[PDB]
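File shown: target.csv (CSV, N, CA and C atoms).
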chain,number,residue,atom,x,y,z
Z,1,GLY,N,-25.6,-5.3,-13.4
Z,1,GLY,CA,-25.3,-4.5,-12.2
Z,1,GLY,C,-24.1,-3.6,-12.5
Z,2,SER,N,-23.5,-3.1,-11.4
Z,2,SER,CA,-22.4,-2.1,-11.5
Z,2,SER,C,-21.1,-2.6,-12.2
Z,3,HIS,N,-20.4,-1.7,-12.9
Z,3,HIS,CA,-19.2,-2.0,-13.7
Z,3,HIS,C,-18.3,-0.7,-13.8
Z,4,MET,N,-17.1,-0.8,-14.3
Z,4,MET,CA,-16.2,0.3,-14.6
Z,4,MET,C,-16.8,1.3,-15.6
Z,5,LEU,N,-16.6,2.6,-15.3
Z,5,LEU,CA,-17.2,3.7,-16.1
Z,5,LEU,C,-16.4,4.0,-17.4
Z,6,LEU,N,-15.2,3.4,-17.5
Z,6,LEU,CA,-14.3,3.4,-18.7
Z,6,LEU,C,-13.7,4.7,-19.2
Z,7,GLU,N,-14.3,5.9,-18.9
Z,7,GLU,CA,-14.0,7.2,-19.4
Z,7,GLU,C,-13.9,8.3,-18.3
Z,8,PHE,N,-13.7,7.8,-17.0
Z,8,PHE,CA,-13.7,8.6,-15.8
Z,8,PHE,C,-12.6,8.2,-14.8
Z,9,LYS,N,-12.4,9.0,-13.8
Z,9,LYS,CA,-11.4,8.8,-12.7
Z,9,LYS,C,-12.0,7.8,-11.6
Z,10,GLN,N,-13.3,7.9,-11.3
Z,10,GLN,CA,-13.9,7.7,-10.0
Z,10,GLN,C,-13.7,6.3,-9.4
Z,11,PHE,N,-13.9,5.3,-10.3
Z,11,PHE,CA,-13.7,3.9,-10.0
Z,11,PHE,C,-12.3,3.5,-9.7
Z,12,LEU,N,-11.3,4.2,-10.3
Z,12,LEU,CA,-9.9,4.0,-10.0
Z,12,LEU,C,-9.5,4.8,-8.7
Z,13,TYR,N,-10.1,5.9,-8.5
Z,13,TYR,CA,-9.7,6.8,-7.4
Z,13,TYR,C,-10.2,6.4,-6.1
Z,14,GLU,N,-11.3,5.5,-6.0
Z,14,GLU,CA,-11.6,4.6,-4.9
Z,14,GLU,C,-10.7,3.4,-4.8
Z,15,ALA,N,-10.3,2.8,-6.0
Z,15,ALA,CA,-9.5,1.6,-6.1
Z,15,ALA,C,-8.2,1.6,-5.3
Z,16,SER,N,-7.6,2.8,-5.3
Z,16,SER,CA,-6.3,3.0,-4.8
Z,16,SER,C,-6.1,2.7,-3.4
Z,17,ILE,N,-7.1,2.9,-2.6
Z,17,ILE,CA,-7.1,3.1,-1.1
Z,17,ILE,C,-8.2,2.2,-0.4
Z,18,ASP,N,-8.8,1.3,-1.1
Z,18,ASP,CA,-10.0,0.6,-0.8
Z,18,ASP,C,-9.8,-0.5,0.4
Z,19,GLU,N,-8.7,-1.1,0.3
Z,19,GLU,CA,-8.2,-2.0,1.4
Z,19,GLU,C,-6.7,-1.8,1.8
Z,20,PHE,N,-5.9,-1.3,0.8
Z,20,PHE,CA,-4.4,-1.2,1.0
Z,20,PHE,C,-4.0,-0.3,2.1
Z,21,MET,N,-4.5,0.8,2.2
Z,21,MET,CA,-4.3,1.8,3.3
Z,21,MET,C,-4.7,1.2,4.7
Z,22,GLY,N,-5.6,0.3,4.7
Z,22,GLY,CA,-6.0,-0.6,5.8
Z,22,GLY,C,-4.9,-1.7,6.0
Z,23,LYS,N,-4.4,-2.3,5.0
Z,23,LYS,CA,-3.5,-3.4,5.0
Z,23,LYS,C,-2.2,-3.0,5.6
Z,24,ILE,N,-1.7,-1.8,5.2
Z,24,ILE,CA,-0.6,-1.1,5.9
Z,24,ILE,C,-0.9,-0.5,7.2
Z,25,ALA,N,-2.1,0.1,7.5
Z,25,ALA,CA,-2.5,0.6,8.8
Z,25,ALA,C,-2.6,-0.6,9.8
Z,26,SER,N,-2.8,-1.8,9.3
Z,26,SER,CA,-3.0,-3.0,10.0
Z,26,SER,C,-1.7,-3.9,9.9
Z,27,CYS,N,-0.6,-3.4,9.4
Z,27,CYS,CA,0.5,-4.3,9.0
Z,27,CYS,C,1.1,-5.1,10.2
Z,28,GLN,N,1.0,-4.5,11.4
Z,28,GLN,CA,1.5,-4.9,12.8
Z,28,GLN,C,3.0,-5.1,13.0
Z,29,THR,N,3.7,-5.0,11.9
Z,29,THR,CA,5.1,-5.4,11.8
Z,29,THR,C,5.8,-4.6,10.7
Z,30,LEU,N,7.0,-4.0,11.0
Z,30,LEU,CA,7.6,-3.3,9.9
Z,30,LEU,C,8.0,-4.3,8.8
Z,31,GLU,N,8.4,-5.5,9.3
Z,31,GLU,CA,8.9,-6.5,8.5
Z,31,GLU,C,7.8,-7.0,7.5
Z,32,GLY,N,6.6,-7.0,8.0
Z,32,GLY,CA,5.4,-7.1,7.1
Z,32,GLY,C,5.1,-5.9,6.3
Z,33,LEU,N,5.2,-4.6,6.8
Z,33,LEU,CA,5.0,-3.4,6.0
Z,33,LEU,C,5.9,-3.3,4.8
Z,34,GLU,N,7.1,-3.7,5.0
Z,34,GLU,CA,8.2,-3.9,4.1
Z,34,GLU,C,8.0,-5.0,3.1
Z,35,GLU,N,7.2,-6.0,3.5
Z,35,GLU,CA,6.7,-7.1,2.5
Z,35,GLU,C,5.5,-6.5,1.8
Z,36,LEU,N,4.6,-5.7,2.4
Z,36,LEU,CA,3.6,-4.9,1.8
Z,36,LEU,C,4.2,-3.9,0.8
Z,37,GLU,N,5.4,-3.4,1.2
Z,37,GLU,CA,6.2,-2.4,0.4
Z,37,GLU,C,6.8,-3.0,-0.8
Z,38,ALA,N,7.3,-4.3,-0.7
Z,38,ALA,CA,7.7,-5.0,-1.8
Z,38,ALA,C,6.4,-5.4,-2.7
Z,39,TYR,N,5.3,-5.9,-2.1
Z,39,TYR,CA,4.1,-6.2,-2.8
Z,39,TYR,C,3.5,-5.1,-3.5
Z,40,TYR,N,3.6,-3.8,-3.0
Z,40,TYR,CA,3.3,-2.6,-3.7
Z,40,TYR,C,4.2,-2.4,-4.9
Z,41,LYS,N,5.5,-2.6,-4.8
Z,41,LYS,CA,6.4,-2.5,-5.9
Z,41,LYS,C,6.3,-3.7,-6.9
Z,42,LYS,N,5.9,-4.9,-6.5
Z,42,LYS,CA,5.6,-6.1,-7.3
Z,42,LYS,C,4.3,-5.8,-8.1
Z,43,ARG,N,3.3,-5.2,-7.5
Z,43,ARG,CA,2.0,-5.0,-8.2
Z,43,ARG,C,2.0,-3.9,-9.2
Z,44,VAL,N,2.6,-2.7,-9.0
Z,44,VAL,CA,2.1,-1.6,-9.7
Z,44,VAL,C,2.5,-1.4,-11.2
Z,45,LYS,N,3.4,-2.3,-11.6
Z,45,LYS,CA,3.6,-2.7,-13.0
Z,45,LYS,C,2.6,-3.6,-13.7
Z,46,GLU,N,2.0,-4.5,-12.9
Z,46,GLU,CA,0.9,-5.5,-13.1
Z,46,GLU,C,-0.5,-4.8,-13.2
Z,47,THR,N,-0.5,-3.6,-12.8
Z,47,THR,CA,-1.6,-2.6,-12.9
Z,47,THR,C,-1.0,-1.2,-13.2
Z,48,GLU,N,-1.6,-0.1,-12.6
Z,48,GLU,CA,-1.3,1.3,-13.0
Z,48,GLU,C,-1.0,2.3,-11.9
Z,49,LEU,N,-1.8,2.1,-10.8
Z,49,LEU,CA,-1.7,2.9,-9.5
Z,49,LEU,C,-1.9,4.4,-9.6
Z,50,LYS,N,-2.0,5.0,-10.8
Z,50,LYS,CA,-2.1,6.4,-11.1
Z,50,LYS,C,-1.2,7.3,-10.2
Z,51,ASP,N,-1.3,8.6,-10.2
Z,51,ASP,CA,-0.8,9.3,-9.0
Z,51,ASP,C,-1.4,9.0,-7.6
Z,52,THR,N,-2.7,8.9,-7.6
Z,52,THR,CA,-3.5,8.9,-6.4
Z,52,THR,C,-3.1,7.8,-5.4
Z,53,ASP,N,-3.1,6.6,-5.8
Z,53,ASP,CA,-2.7,5.4,-4.9
Z,53,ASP,C,-1.4,5.7,-4.3
Z,54,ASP,N,-0.4,6.1,-5.2
Z,54,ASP,CA,1.0,6.1,-4.9
Z,54,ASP,C,1.3,7.0,-3.7
Z,55,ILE,N,0.8,8.3,-3.8
Z,55,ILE,CA,1.0,9.2,-2.7
Z,55,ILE,C,0.2,8.9,-1.5
Z,56,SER,N,-1.1,8.5,-1.6
Z,56,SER,CA,-1.9,8.4,-0.5
Z,56,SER,C,-1.5,7.2,0.4
Z,57,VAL,N,-1.3,6.1,-0.2
Z,57,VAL,CA,-0.8,4.9,0.3
Z,57,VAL,C,0.7,5.0,0.7
Z,58,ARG,N,1.6,5.5,-0.1
Z,58,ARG,CA,3.0,5.6,0.3
Z,58,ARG,C,3.2,6.4,1.5
Z,59,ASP,N,2.5,7.6,1.6
Z,59,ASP,CA,2.7,8.5,2.7
Z,59,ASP,C,2.3,7.9,4.0
Z,60,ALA,N,1.3,7.1,4.0
Z,60,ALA,CA,0.8,6.2,5.0
Z,60,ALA,C,1.7,4.9,5.3
Z,61,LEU,N,2.2,4.3,4.3
Z,61,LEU,CA,3.1,3.1,4.3
Z,61,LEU,C,4.4,3.5,4.9
Z,62,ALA,N,5.0,4.5,4.3
Z,62,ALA,CA,6.1,5.3,4.9
Z,62,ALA,C,5.8,5.9,6.2
Z,63,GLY,N,4.5,6.3,6.3
Z,63,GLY,CA,3.8,6.9,7.5
Z,63,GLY,C,4.0,6.0,8.7
Z,64,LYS,N,3.6,4.7,8.4
Z,64,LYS,CA,3.7,3.6,9.4
Z,64,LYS,C,5.2,3.1,9.5
Z,65,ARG,N,6.0,3.2,8.5
Z,65,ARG,CA,7.3,2.6,8.5
Z,65,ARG,C,8.1,3.2,9.6
Z,66,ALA,N,8.1,4.6,9.7
Z,66,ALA,CA,8.8,5.2,10.9
Z,66,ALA,C,8.3,4.7,12.2
Z,67,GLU,N,7.0,4.5,12.3
Z,67,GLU,CA,6.4,4.0,13.6
Z,67,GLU,C,6.9,2.6,14.0
Z,68,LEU,N,6.9,1.8,12.9
Z,68,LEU,CA,7.2,0.4,12.9
Z,68,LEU,C,8.7,0.1,13.2
Z,69,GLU,N,9.5,1.1,12.7
Z,69,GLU,CA,11.0,1.2,12.8
Z,69,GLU,C,11.4,1.7,14.2
Z,70,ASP,N,10.5,2.5,14.8
Z,70,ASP,CA,10.5,2.6,16.3
Z,70,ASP,C,10.1,1.3,16.9
Z,71,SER,N,9.2,0.5,16.2
Z,71,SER,CA,8.7,-0.8,16.7
Z,71,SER,C,9.6,-2.0,16.3
Z,72,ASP,N,10.9,-1.7,16.0
Z,72,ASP,CA,11.9,-2.7,15.4
Z,72,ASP,C,12.2,-3.9,16.2
Z,73,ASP,N,11.6,-4.0,17.5
Z,73,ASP,CA,11.5,-5.1,18.5
Z,73,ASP,C,10.8,-6.3,18.0
Z,74,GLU,N,11.2,-6.9,16.9
Z,74,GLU,CA,10.5,-7.9,16.1
Z,74,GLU,C,11.3,-9.3,16.2
Z,75,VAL,N,10.7,-10.3,15.6
Z,75,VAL,CA,11.1,-11.8,15.8
Z,75,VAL,C,12.6,-12.0,15.5
Z,76,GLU,N,13.2,-12.9,16.3
Z,76,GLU,CA,14.5,-13.4,16.3
Z,76,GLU,C,15.7,-12.4,16.5
Z,77,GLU,N,15.6,-11.2,15.9
Z,77,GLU,CA,16.4,-10.0,16.3
Z,77,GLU,C,16.2,-9.6,17.7
Z,78,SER,N,15.0,-9.9,18.3
Z,78,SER,CA,14.7,-9.7,19.7
Z,78,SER,C,13.7,-10.8,20.3
Z,79,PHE,N,13.4,-11.8,19.5
Z,79,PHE,CA,12.4,-12.9,19.8
Z,79,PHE,C,11.0,-12.3,20.3

Would you write the structure of this file as structure tokens?
Amino acid sequence: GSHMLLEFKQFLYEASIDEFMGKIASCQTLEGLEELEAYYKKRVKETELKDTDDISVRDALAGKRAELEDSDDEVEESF
């Protein structure tokens, strides 16, 4: 069946944004987005993330961060 093309961009350039942009768009909490932000920083030495993931996802993750930071009304700091 299907496998990595080994000599092309395409399989990586789908890789970048396949669930992660959803995972941040769904993060529901800045405190979680920030854990996603640490998990992004934890991961991308363990793999590669090219240019493509980093901009697309960060601009979204940071995209959400401002929203979520408006949404700072989170657990125990405000119950």

Quiz prompt | Polymer residues at most 8 Å from residue 13 in chain Z, only C-alpha atoms, same-chain spacing of 3 or more positions, as a VMD selection string | solution = chain Z and resid 9 to 10 16 to 17 52 to 53

Quiz item: Of the residues Z:49, Z:77, Z:8, Z:65, which is the one nearest to residue 29 in chain Z, using all atoms listed in the file?
Solution: Z:65

Practice problem: Please measure the separation of CA of residue 70 in chain Z and CA of residue 33 in chain Z, giving the value in Å to one decimal. | Solution: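 Interatomic distance, CA of residue 70 in chain Z to CA of residue 33 in chain Z: 13.1 Å.
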
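Of the listed residues Z:68, Z:1, Z:39, Z:50, the one whose atoms come nearest to residue 26 in chain Z is Z:68, with distances taken using only C-alpha atoms.
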
Quiz item: What does the distance between CA of residue 27 in chain Z and atom N of residue 15 in chain Z come to in Å, to one decimal place?
Solution: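 The value is 19.8 Å.
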
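Take atom C of residue 66 in chain Z and atom C of residue 43 in chain Z: the distance between them is 23.9 Å.
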